[PDB]
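Take a look at this single chain in structure tokens; it is the form deposited in one PDB entry.
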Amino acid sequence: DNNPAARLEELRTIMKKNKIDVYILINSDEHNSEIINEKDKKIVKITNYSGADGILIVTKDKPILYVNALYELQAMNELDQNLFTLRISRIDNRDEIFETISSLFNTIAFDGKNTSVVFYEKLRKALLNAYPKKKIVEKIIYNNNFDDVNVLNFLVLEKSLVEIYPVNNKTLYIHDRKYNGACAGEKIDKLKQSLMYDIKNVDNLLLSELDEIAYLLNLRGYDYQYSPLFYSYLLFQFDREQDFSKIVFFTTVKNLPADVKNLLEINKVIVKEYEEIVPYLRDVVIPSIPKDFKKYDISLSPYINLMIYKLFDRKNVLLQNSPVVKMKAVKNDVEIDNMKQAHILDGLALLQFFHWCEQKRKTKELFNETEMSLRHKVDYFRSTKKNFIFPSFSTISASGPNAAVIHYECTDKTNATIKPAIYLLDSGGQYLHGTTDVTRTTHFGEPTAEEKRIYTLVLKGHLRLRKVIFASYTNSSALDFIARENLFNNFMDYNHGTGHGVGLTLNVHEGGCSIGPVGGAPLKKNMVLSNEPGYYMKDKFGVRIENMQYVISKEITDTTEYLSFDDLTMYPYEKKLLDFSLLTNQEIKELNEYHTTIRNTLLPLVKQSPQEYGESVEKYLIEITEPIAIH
């Protein structure tokens, strides 16, 4: 069974020989991607725990695995605890892991490319606070040579101790201006302006965030499954006396085509290889810098990997968001229009999927289908659509009790038969037009009063956030609250955020803005956000209703600008799940307004392609967009 006990007892033989007392493994890559590829998944190889979130502490004792609360169920069914100790990290338990390591040994090791500076600094500060009489020495270990080292040794490893897959040779391609509305040259010019005015204390900026590099250069790639990104670093050297000294692009050159180097060399970009980043920083750059108002040597993203961080002296590094974060959080008008087209396509795909579900429901063949079968079906209907690339994340297809698991990951052994019950579908896709994220909840059986109540309580928060009018200064955490409001009155909550930013053909989860309880800021026009309240009833069912929307200016008076949202997502809601004792007439009016707009948008497109859809499809569309009676 790819024996865990074996690979673990094997692991401590490699540690002992290098005189390493405690090893720390984390699920991460060097670019801090949410979804990491196979080469970077070490923890699963040892523990047979495939959950995305995890941190493994490996000592002479039984190893400890830390996972987020949302992954607790998955870890319980996967990990066997006679080998590993399972600990859970909750909202109040977060720094436990930092305490835990402190409470145990003289030499600790880290994967240099798999460890963020945030986790490193907090652990190290914990140890200063834990053992003040001990001094810490930090060394980078190159090519597995440990022979160069009272004291606590922090070892940052170039090569990982766990060695590991398929490789991507597919070529990079240009994202056309018609889709992104802004050329790579203007964006670089914008980054240039930022260095003149906004950040004056650094001449050197390193972009390690893959969606930032792709966005700035208008390039996409195949190095990741769910995002059209590519392994890269992009280094800017600014000369105050007022432009860029050097622009260096680290990436995989064999994946660089002819006419990409045309756009690249036009902007005066020097191309190096991907693995050249560390030696280039260590050898050419850091020695080239000269030694009241402080001036920093380098500006790094907050989550930059440990290996690149440790090349410098901490006093000279500035950890902050790249200017690209703000740049890309606000879409231009071409970008919004393109995001509308993508959602039109995605509405058609959902229409085909639920039409398909409805037919098989009537024929009852639907209940021989599985979660994976339905997951594959919606992904298929998207692939038929124009300018589609691939799904924007792993589709969540959950029937009955599985819908109560937010992070539910359908395995080959977890796959469930579709039942006449609640069905939750969270899915999206990557288009040249943009990135989509949408959730709909439906019912293939006869909905209970509880199910309709929960759905409607969730819907009310969702509908509120759709049309909410708020002064421009309003903190986005206030918008998170009104989505929870109706659940709060019933003493119910959901354990995730209400909305996340979404990139344009980049990442389905994008920073720069959000709607959530912890942290928040005013929203700006043409920010693109999800709206997805939910509620999850353990062992019974779960509900989530998700749209994407963008911020508009609603009205401007003498003293104040009022903002609101406009819809991106076009698909109707589930009438079978509606509780009308909870619904106001205004909400019903907004429901009818939305559904009518959907019919007006989708129906002509359905009709012009009778071979692709047909009368049964358009008839289904008409019925679910039909106005609800007010009386």
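Residues carry their position along the shown sequence, with the first being 1.
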property: Size class of the missing deposited segment between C183 and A184; result: none
property: Interval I164-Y165, deposited residues with no coordinates in the entry (none, 1 to 3, 4 to 9, 10 or more); result: 1 to 3
property: Comparing 324-332 with 83-91, the one whose average Cα B-factor in the PDB entry is higher; result: 83-91
property: Which of 133-141 and 502-510 has higher mean CA B factor, as the PDB entry lists it; result: 133-141
property: Most elevated Cα B-factor in the entry, residues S116, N415, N547, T395; result: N415
property: Per the PDB entry, maximal CA B factor within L605, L583, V58, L577; result: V58
property: Third of the chain's Cα B-factor distribution that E450 belongs to, per the entry; result: lowest
property: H407 CA temperature factor, ranked by third within the chain; result: middle
property: Assigned third (lowest, middle, highest) for the C-alpha B factor of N490; result: lowest
property: B-factor third for the C-alpha atom of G520 within its chain; result: lowest
property: Relative C-alpha B-factor of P63, binned into the chain's lowest, middle or highest third; result: highest
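Absent from the display: the form solved in complex with a partner chain. The rest refers to it.
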query: Distance check, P420 to the partner chain in the entry with it bound, heavy atom within 4.5 Å; finding: no
query: Partner contact for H500 in the entry with it bound: the partner chain, 4.5 angstroms, heavy atom; finding: yes
query: Distance check, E532 to the partner chain in the entry with it bound, heavy atom within 4.5 Å; finding: yes
query: Partner contact for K328 in the entry with it bound: the partner chain, 4.5 angstroms, heavy atom; finding: no
query: Segment assignment from 401-409, 259-267, 351-359, 105-113: heavy atom within 4.5 Å of the partner chain in the entry with it bound; finding: 401-409
query: Selected contact from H509, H443, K340, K540, since only one has a non-hydrogen atom within 4.5 angstroms of the partner chain in the entry with it bound; finding: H509
query: Contacting member of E451, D223, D437, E335, with respect to the partner chain in the entry with it bound [4.5 Å, heavy atom]; finding: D437
